[PDB]
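Source file: data.txt; contents: compact mmCIF, N, CA, C and O atoms.
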# COMPACT_ATOMS: atom_id res chain seq x y z
N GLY B 1 -7.11 4.73 -1.34
CA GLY B 1 -6.41 3.81 -2.21
C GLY B 1 -4.95 4.21 -2.41
O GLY B 1 -4.54 5.31 -2.02
N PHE B 2 -4.17 3.31 -2.98
CA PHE B 2 -2.75 3.57 -3.22
C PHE B 2 -2.25 2.76 -4.40
O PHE B 2 -2.64 1.61 -4.58
N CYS B 3 -1.41 3.35 -5.19
CA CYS B 3 -0.82 2.68 -6.29
C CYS B 3 0.58 2.28 -5.95
O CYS B 3 1.38 3.09 -5.48
N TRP B 4 0.85 1.05 -6.16
CA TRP B 4 2.10 0.44 -5.79
C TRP B 4 2.41 -0.75 -6.69
O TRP B 4 1.50 -1.48 -7.08
N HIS B 5 3.71 -0.98 -6.97
CA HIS B 5 4.19 -2.05 -7.86
C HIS B 5 3.36 -2.21 -9.14
O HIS B 5 2.94 -3.32 -9.50
N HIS B 6 3.09 -1.07 -9.80
CA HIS B 6 2.34 -0.99 -11.09
C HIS B 6 0.87 -1.40 -10.92
O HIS B 6 0.10 -1.46 -11.89
N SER B 7 0.49 -1.64 -9.71
CA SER B 7 -0.81 -2.09 -9.36
C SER B 7 -1.39 -1.05 -8.44
O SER B 7 -0.71 -0.11 -8.06
N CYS B 8 -2.62 -1.19 -8.10
CA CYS B 8 -3.22 -0.23 -7.25
C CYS B 8 -4.19 -0.90 -6.32
O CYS B 8 -5.04 -1.68 -6.75
N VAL B 9 -4.03 -0.63 -5.06
CA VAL B 9 -4.90 -1.15 -4.08
C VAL B 9 -6.02 -0.15 -3.81
O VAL B 9 -5.77 1.06 -3.68
N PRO B 10 -7.28 -0.62 -3.81
CA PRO B 10 -8.47 0.24 -3.66
C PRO B 10 -8.61 0.84 -2.26
O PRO B 10 -7.90 0.45 -1.32
N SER B 11 -9.49 1.80 -2.14
CA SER B 11 -9.74 2.45 -0.89
C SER B 11 -10.33 1.44 0.11
O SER B 11 -11.19 0.62 -0.25
N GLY B 12 -9.82 1.46 1.31
CA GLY B 12 -10.27 0.56 2.33
C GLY B 12 -9.30 -0.57 2.53
O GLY B 12 -9.42 -1.35 3.48
N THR B 13 -8.33 -0.66 1.66
CA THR B 13 -7.34 -1.71 1.72
C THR B 13 -6.28 -1.40 2.78
O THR B 13 -6.01 -0.25 3.10
N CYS B 14 -5.72 -2.44 3.29
CA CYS B 14 -4.68 -2.43 4.29
C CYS B 14 -3.82 -3.61 3.97
O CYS B 14 -4.34 -4.71 3.77
N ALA B 15 -2.55 -3.40 3.87
CA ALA B 15 -1.65 -4.47 3.53
C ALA B 15 -0.32 -4.23 4.17
O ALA B 15 -0.04 -3.11 4.61
N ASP B 16 0.49 -5.25 4.24
CA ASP B 16 1.80 -5.15 4.82
C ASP B 16 2.81 -5.06 3.69
O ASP B 16 3.15 -6.06 3.04
N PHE B 17 3.23 -3.86 3.42
CA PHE B 17 4.16 -3.57 2.35
C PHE B 17 5.58 -3.63 2.90
O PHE B 17 5.75 -3.65 4.12
N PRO B 18 6.61 -3.69 2.05
CA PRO B 18 8.00 -3.71 2.50
C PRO B 18 8.37 -2.39 3.18
O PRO B 18 7.65 -1.39 3.07
N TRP B 19 9.45 -2.41 3.92
CA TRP B 19 9.95 -1.23 4.58
C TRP B 19 10.35 -0.22 3.49
O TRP B 19 10.87 -0.62 2.44
N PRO B 20 10.11 1.09 3.70
CA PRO B 20 9.56 1.64 4.93
C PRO B 20 8.03 1.81 4.94
O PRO B 20 7.50 2.48 5.83
N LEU B 21 7.33 1.20 4.00
CA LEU B 21 5.89 1.32 3.96
C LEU B 21 5.25 0.59 5.13
O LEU B 21 4.54 1.20 5.92
N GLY B 22 5.56 -0.68 5.26
CA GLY B 22 5.00 -1.48 6.34
C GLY B 22 3.51 -1.67 6.16
O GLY B 22 3.01 -1.66 5.04
N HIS B 23 2.80 -1.86 7.25
CA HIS B 23 1.37 -2.01 7.18
C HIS B 23 0.73 -0.66 6.94
O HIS B 23 0.83 0.25 7.77
N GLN B 24 0.08 -0.54 5.83
CA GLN B 24 -0.53 0.69 5.41
C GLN B 24 -1.99 0.48 5.06
O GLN B 24 -2.34 -0.53 4.42
N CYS B 25 -2.83 1.39 5.50
CA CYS B 25 -4.24 1.41 5.14
C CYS B 25 -4.49 2.59 4.24
O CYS B 25 -3.82 3.63 4.37
N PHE B 26 -5.41 2.46 3.31
CA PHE B 26 -5.59 3.48 2.30
C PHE B 26 -7.04 3.87 2.15
O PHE B 26 -7.78 3.22 1.42
N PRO B 27 -7.49 4.92 2.83
CA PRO B 27 -8.88 5.41 2.74
C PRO B 27 -9.23 5.92 1.33
O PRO B 27 -10.40 6.05 0.97
N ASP B 28 -8.21 6.20 0.55
CA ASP B 28 -8.37 6.72 -0.81
C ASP B 28 -7.68 5.82 -1.82
O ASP B 28 -7.68 6.10 -3.02
Using C-alpha cells, write down the structure that the file contains.
Amino acid sequence: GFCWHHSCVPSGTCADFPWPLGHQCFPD
C-alpha cells in the first residue's frame, strides 16, 4: 500500500500517479 494526496491506496493497488511517481504498484 501507499499513502498519497492525504489518501491511501491499499496493498495490491496500481495506479498512474504524476511524475516522478508514474505507474506504481503497492504490495504494502
Hey, can you pull every residue with an atom no more than 8 Å from (-10.0, 6.3, 5.8), using all atoms listed in the file, and send it as a compact mmCIF listing (two decimals) with N, CA, C and O atoms, in the frame of the given file?
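What ended up in part11.txt:
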# COMPACT_ATOMS: atom_id res chain seq x y z
N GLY B 1 -7.11 4.73 -1.34
CA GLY B 1 -6.41 3.81 -2.21
C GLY B 1 -4.95 4.21 -2.41
O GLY B 1 -4.54 5.31 -2.02
N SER B 11 -9.49 1.80 -2.14
CA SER B 11 -9.74 2.45 -0.89
C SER B 11 -10.33 1.44 0.11
O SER B 11 -11.19 0.62 -0.25
N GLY B 12 -9.82 1.46 1.31
CA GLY B 12 -10.27 0.56 2.33
C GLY B 12 -9.30 -0.57 2.53
O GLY B 12 -9.42 -1.35 3.48
N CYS B 25 -2.83 1.39 5.50
CA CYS B 25 -4.24 1.41 5.14
C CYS B 25 -4.49 2.59 4.24
O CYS B 25 -3.82 3.63 4.37
N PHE B 26 -5.41 2.46 3.31
CA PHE B 26 -5.59 3.48 2.30
C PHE B 26 -7.04 3.87 2.15
O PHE B 26 -7.78 3.22 1.42
N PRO B 27 -7.49 4.92 2.83
CA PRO B 27 -8.88 5.41 2.74
C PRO B 27 -9.23 5.92 1.33
O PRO B 27 -10.40 6.05 0.97
N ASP B 28 -8.21 6.20 0.55
CA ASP B 28 -8.37 6.72 -0.81
C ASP B 28 -7.68 5.82 -1.82
O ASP B 28 -7.68 6.10 -3.02
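From atom C of residue B:24 back to atom CA of residue B:2, the distance works out to 8.9 Å.
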(request) Could you pull out the residues in chain B that DSSP calls strand (DSSP E) from the backbone, as number ranges by chain? (result) B: 2-4, 7-9, 13-16, 23-26
